[PDB]
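Heads up, the Cβs are rebuilt from the backbone with ideal geometry, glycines too, and the neighbour counts pull from every protein chain shown. Coordinate-derived values only; no laboratory data.
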Amino acid sequence: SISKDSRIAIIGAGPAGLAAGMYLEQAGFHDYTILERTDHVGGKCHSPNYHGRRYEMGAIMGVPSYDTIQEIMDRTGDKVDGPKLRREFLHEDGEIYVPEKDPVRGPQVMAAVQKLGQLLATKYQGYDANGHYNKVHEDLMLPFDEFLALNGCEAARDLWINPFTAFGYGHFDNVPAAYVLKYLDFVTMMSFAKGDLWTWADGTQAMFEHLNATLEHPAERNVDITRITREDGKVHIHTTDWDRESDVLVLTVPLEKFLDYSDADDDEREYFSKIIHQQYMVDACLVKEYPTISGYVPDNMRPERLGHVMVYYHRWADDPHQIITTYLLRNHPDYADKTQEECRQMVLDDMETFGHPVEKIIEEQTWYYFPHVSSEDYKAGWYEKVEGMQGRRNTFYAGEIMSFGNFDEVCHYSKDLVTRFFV
Ligand SMILES: Cc1cc2nc3c(=O)[nH]c(=O)nc-3n(C[C@H](O)[C@H](O)[C@H](O)COP(=O)(O)OP(=O)(O)OC[C@H]3O[C@@H](n4cnc5c(N)ncnc54)[C@H](O)[C@@H]3O)c2cc1C
Ligand SMILES: CC\C=C/C=C/C=C/CCCCCCCCCC(=O)O
């Protein structure tokens, strides 16, 4: 437990940091400060304007099991009121097909899925807990495909891959199953499969903008932190405009990047240096032959097709001159990084192939996405080490790396961090 008059400095005004403020405030910790580097809040929930409506450069959707996000909507008064999500499936040559009608693959998938469901509910009980401080089963530390191979459920990858690889989280040849299954737990997977998906008319960013406004201390923006030191039981935060002292540090920003403006200790340097991330690239496009529906391309989710468009988003049904966003990955451990130029050429070429040629790209973003560690690093005890450092020199660790790269997970983690260490 931590004293209620502690001065608590929260770095980052994305969901993770905003929720930290919310839940600290609600537990009676009123002397918090959220420091944001940019001029805006919401982080990767980023919904800019175009032609009188908001489009999504980052996060788009949620599922009914997003309980922490419902608590936030309860507080802001926002509602799930966005346009309905609908999808078709394309081959890499633009051909529309329906995977579940595949007479060989169809049955293999449903048998694997059913078998996995049973395994998850028994053998792997506890897998779905938020965070990684409850040590998961050792099998879950293997790359997702190996985890499946071991259990004779390879064909379950067909259902899990679409809202995972296409959604920027990487490839099953290497991403530890622990991550896959805390995000796509059986319930969430079934919700997605069923199309039971939340969206917001004013963008996922809106509820975070409004959360910020409801906070007793809305974020301080445009804060360029040049150095943080932690001597004598205090946190000294140096910025370009001021430097100040706190009692507690909550990190919701990238931890490898933290090493560069901090008095990082040996463990912090050793362990945070192992963090790897996804280079997930979005392009906001105007197109001819406006799609009628969103399109996924399982062929382009293969590592051999890295940099190609894996999915694209049909948001506003009624205006053929509104924004269609495309999604691609620029990195894989077995491959050298694809350049943004070569990938932007693939956006144009792929969309042309799909029959929805691009007339214009008006915004582009490669995001710092899904920070995580390797299976080898997971197995070697990365989370036991880092969770065991919680509170060392009044510093706490949070955000995506500590849970999973989605807004419900990071908010959930921020909620429990207060329960775990402060209350
Ligand atoms: C294209 C895309 C689609 C996505 N789709 C979904 C989806 O459908 N559903 C879902 O749940 N999630 C989705 N996500 C993931 C989700 O947006 C993120 O997991 C979530 O925003 C993570 O929040 P965070 O606070 O942990 O980190 P971030 O959102 O990355 O925010 C971190 C904040 O800290 C700030 N910061 C960074 N460095 C510093 C510094 N040194 N000093 C001060 N501040 C700093 C940043 O500017 C930012 O405001 C998507 C993301 C992208 C990019
Ligand atoms: C519950 C969702 C959790 C995390 C999502 C993370 C990332 C999503 C990234 C890009 C999503 C691409 C949008 C494609 C439109 C989907 C419409 C549909 O599938 O029916």
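Take the Cα pairs of the stretch 129-258, get the Kirkwood Rh, then feed it into Stokes-Einstein at 4 °C and 1.567 mPa s and tell me D in µm²/s. Spell out each step's value before the answer.
Working: Rh = 18.8 Å.
Here the translational diffusion coefficient equals 69 µm²/s.
Give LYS101/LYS288; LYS135/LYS274; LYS84/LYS338; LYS44/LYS84 a once-over and call out the pairs whose C-alpha atoms are over 25 Å from each other.
Working: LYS101/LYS288 30 Å; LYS135/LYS274 19 Å; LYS84/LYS338 33 Å; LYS44/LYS84 21 Å.
Correct reply: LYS101/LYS288; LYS84/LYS338.
How big is the Kirkwood radius of the chain, worked out from every pair of different alpha carbons and given in Å to one decimal? Walk me through the intermediate numbers first.
Numbers: mean 1/r = 0.0448 Å⁻¹.
With all distinct Cα pairs of the chain included, I get 22.3 Å.
Given only helices, namely DSSP H runs of n ≥ 4 each adding -39500 (n - 2.57), what is the per-residue ellipticity at 222 nm of the chain, to the nearest 500 deg cm²/dmol?
On the way: 14 runs with 129 residues, N = 423.
Value at 222 nm, helices only, nearest 500: -8500 deg cm²/dmol.
Taking the beta-carbon count within 10 Å as an exposure proxy, list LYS338, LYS234, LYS4 from fewest neighbours to most. Please list the in-between numbers first.
Values: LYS338 19, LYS234 16, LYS4 13.
With the fewest neighbours first, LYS338, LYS234, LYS4 line up as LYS4, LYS234, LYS338.
Gain in length, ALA201 to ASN222, computed as 0.36 nm per residue apart minus the alpha-carbon separation, to one decimal in nm?
Working: separation 21, 0.36 × 21 = 7.56 nm, distance 2.74 nm.
My answer for the length gained is 4.8 nm.
So, in Å, what gap is there between the alpha-carbon centers of the stretch 193-215 and the stretch 82-99?
24
Normalise the Cα radius of gyration of the stretch 130-205 by 2.2 N^0.38 Å (N = residues in it) and let me know the number. All intermediate terms of the calculation are to be shown ahead of the outcome.
Values: Rg = 13.6 Å, N = 76, 2.2 N^0.38 = 11.4 Å.
Ratio of Rg to 2.2 N^0.38 Å for the stretch 130-205: 1.19.
Under a GNM of the chain (C-alpha, springs under 10 Å), which listed residue has the highest mean-square fluctuation: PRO103, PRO64, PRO48?
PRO103
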